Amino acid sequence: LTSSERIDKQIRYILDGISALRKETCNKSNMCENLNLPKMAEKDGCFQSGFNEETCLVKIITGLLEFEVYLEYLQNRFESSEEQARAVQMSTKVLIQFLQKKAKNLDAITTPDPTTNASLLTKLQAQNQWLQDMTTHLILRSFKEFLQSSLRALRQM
């Protein structure tokens, strides 16, 4: 497997993990069919029009590091599938490692503040069960969309 091949397979793996968590929570809350979650925009260079490999790769890595506090939220929230939640969390850290190798030229990426992450987590875990179910669904959809767009951009590099 090349570096690129390994990255694509890892994203596909994580998406399948998200799809299993989404089925689970969505069968229970029925909420499927603010938080400031990472999202691709035209300026990031990951879309065909305005495509720019370098800015796009930085945006992918940046947005995955920003997602980590929300994946820690999911691991603390899923009880039955706490292991699946943990596996998404850990597989995402492996993906970021693989992308750091791809951006081997590129500069170091700003990382989220661990202490600001801790405060967010306490707030999100203080909400009532409806709001936490809504938070869980939003995180899974946003994270899915980010990784789908990432897969599409990484194809074009």
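Residue numbers run from 1 along the displayed sequence.
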property: Missing-residue flag, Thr62, threshold a third of other entries; result: no
property: At least a third of the other entries leave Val94 unmodelled; result: no
property: Mean Cα B-factor comparison, 46 to 54 or 87 to 95, giving the higher one as deposited; result: 46 to 54
property: Stretch with the higher entry mean CA B-factor, where the candidates are 107 to 115 and 62 to 70; result: 107 to 115
property: Cα B factor band for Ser4 (lowest, middle or highest third within the chain); result: middle
property: Third assignment of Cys32 from its chain's C-alpha B-factors; result: highest
property: Within-chain third of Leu131 by Cα B-factor, per the entry; result: lowest
